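Each remark here refers to the structure printed beneath this line.
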Amino acid sequence: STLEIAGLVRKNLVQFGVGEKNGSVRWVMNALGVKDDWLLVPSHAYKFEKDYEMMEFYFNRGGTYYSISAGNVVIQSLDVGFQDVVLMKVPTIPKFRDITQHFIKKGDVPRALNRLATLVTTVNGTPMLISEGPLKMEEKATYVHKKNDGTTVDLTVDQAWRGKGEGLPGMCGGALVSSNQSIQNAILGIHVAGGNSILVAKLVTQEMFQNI
Ligand SMILES: *C[C@H](NC(=O)OCc1ccccc1)C(=O)O
C-alpha cells in the first residue's frame with residue numbers, strides 16, 4: 001500500500017545539513033538512504049555555495065548526528081547532464097535498509113501517469129504525507145533555487161514529475177510514491193521544487209542505481 005511504502009521511506013529519510021568546521025549547522029532539506037551507505041540528495045542543497053568541499057556535511061538520523069567533510073563523500077550522477085538529485089556515499093553513516101527495489105522501473109513509468117501520488121517527506125524531521133494530484137511527466141522541468149546570499153539560479157533537469165499540491169520549505173529530498181497498487185505503489189523520484197501549487201520531483205528509476 002501507499003502507507004507501507006511510506007513507512008519504508010520514512011525510516012530511510014535523514015535530515016541533511018551543512019556547516020563550516022566548528023560552526024553552526026544549517027539544516028537544509030531531507031536526504032534518502034537507498035542501500036548500504038548511499039543516499040539520494042538534491043545537489044542544489046550544497047553545490048551552489050562557495051567552497052562547498054571545505055564544509056562539513058551533517059546527517060541527522062532520528063536525533064543521532066553523523067558528520068563528514070564534504071570532500072570525503074563520494075558523489076555519483078544518475079545520468080549524463082545535470083539531474084540535481086545525485087547519489088552520495090557517506091562512509092560514516094550507518095548502513096540503510098535496501099529500498100532500491102521499491103523504485104519504479106523505467107519501463108513502468110507510464111503506469112504512474114494521470115494517477116494520484118503521495119509525497120513522503122519531512123519538514124526538519126517531522127514526517128508528512130502530502131497528496132499530489134494526477135501526475136504528469138515533463139521532459140524538461142525548470143525551477144528557481146534561492147541561495148543563501150539572496151541571488152537565484154535557474155535549474156533544469158530531464159524527466160520530472162509534476163503534480164498539483166501544496167509543499168513547504170524543507171520538503172525537498174522526500175520521496176514521491178505512486179497511488180498505483182498494480183506497480184506496488186512504486187517510489188517515483190525525489191522532490192526538488194514546489195510553487196504555485198505545483199510539486200516537482202526528479203524521476204529516479206530502479207535502473208539508475210546501476211550507476212553504483
Ligand atoms: C521493501 C523491500 N522489498 C523488496 O526488496 O522486494 C523485492 C521482492 C519482493 C518480493 C518478490 C520479489 C522481489 C524489502 O525490504 O524487502
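We count from 1, first residue shown onward.
We read in the header that X-ray crystallography, 1.5 Å was used to get this structure.
Quick reminder: no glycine exception, Cβ is built from N, Cα and C everywhere.
Among the features that Swiss-Prot reports, active site, for protease 3C activity is placed at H44, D84, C172, with the record citing experimental evidence.
Projection of Swiss-Prot feature records onto the structure.
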residue	record	DSSP (3 states)
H44	active site, for protease 3C activity	helix
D84	active site, for protease 3C activity	coil
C172	active site, for protease 3C activity	coil
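With respect to their backbone Cα atoms, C172 (active site, for protease 3C activity) and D84 (active site, for protease 3C activity) stand 11 Å from each other. Calculated from their C-alpha atoms, the gap between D84 (active site, for protease 3C activity) and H44 (active site, for protease 3C activity) amounts to 6 Å.
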